[PDB]
């Protein structure tokens, strides 16, 4: 019997299924890029989703249902999430470095100018500005959701969290439409390359963060959170603010300054 407060986790298969899902997704992308086949990739995506679902399911079982998240355990998870976000910041930093490298020193092939000859940027005052208002608004509504939960208010937590998720979905649909309407593509030299890869990874993170908020929504509907203990909600809010801040840097850098 232990007399410390930490969590000895039951032996679990999900690390191995997650690792194999990584093998299948990467060998699957290779097969798709070089051998004209989606089969391995679809298997890998499926086992990846199954792995994430059962792993995070088990974390909910360990915490809400079994009580293993003492304050010491929760404090570790706080550090873990902060450090995870820091690694994601540095991942985006590489794409911003690529963008500033190419745009501050435009080469002769571009016309020696930025934006390149033949590139017609989106107007940053139209849908990009709308998208900025949408994510900023969602950072206000998720803060309302957080204070409602701390104050013990179930209905207004659900309302505010639903508004936050709706805004995340609005951003994603607006961005999808912008991608379709854009007159430039990912193959339009380094302008299209930086634009779509950086905003594309950002859009993927909006989808991830929105999914995480949706998980929190259903956990809230099922009464998992207490007014004092709700780290999954806190982690999703931190991640969501990270997604909002990345967007503000993309807007200022690529859409506005880069136009």
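Residue numbers count along the first chain shown, from 1.
According to the deposited model, is the average Cα temperature factor higher in 175-183 or in 71-79? It is 175-183.
Greater mean Cα temperature factor according to the PDB record, 38-46 or 201-209: Result: 38-46.
Rank-wise, by C-alpha B-factor, drop residue 214 into the lowest, middle or highest third of its chain. Residue 214: CA B-factor falls in the middle third of its chain.
Among the modelled residues of its chain, does the C-alpha B-factor of residue 107 lie in the lowest, middle or highest third? Its C-alpha B-factor, which the entry lists for residue 107, ranks in the highest third among residues of this chain.
Sorting the chain's modelled residues by C-alpha B-factor, tell me whether residue 56 ends up in the lowest, middle or highest third. Bottom third by C-alpha B-factor.
Among the modelled residues of its chain, does the C-alpha B-factor of residue 140 lie in the lowest, middle or highest third? Ranked within chain, residue 140 CA B lands in the lowest tercile.
Based on the entry's values, in what third of the chain does the Cα temperature factor of residue 117 lie: lowest, middle or highest? According to the entry, residue 117 has a C-alpha B-factor in the chain's highest third.
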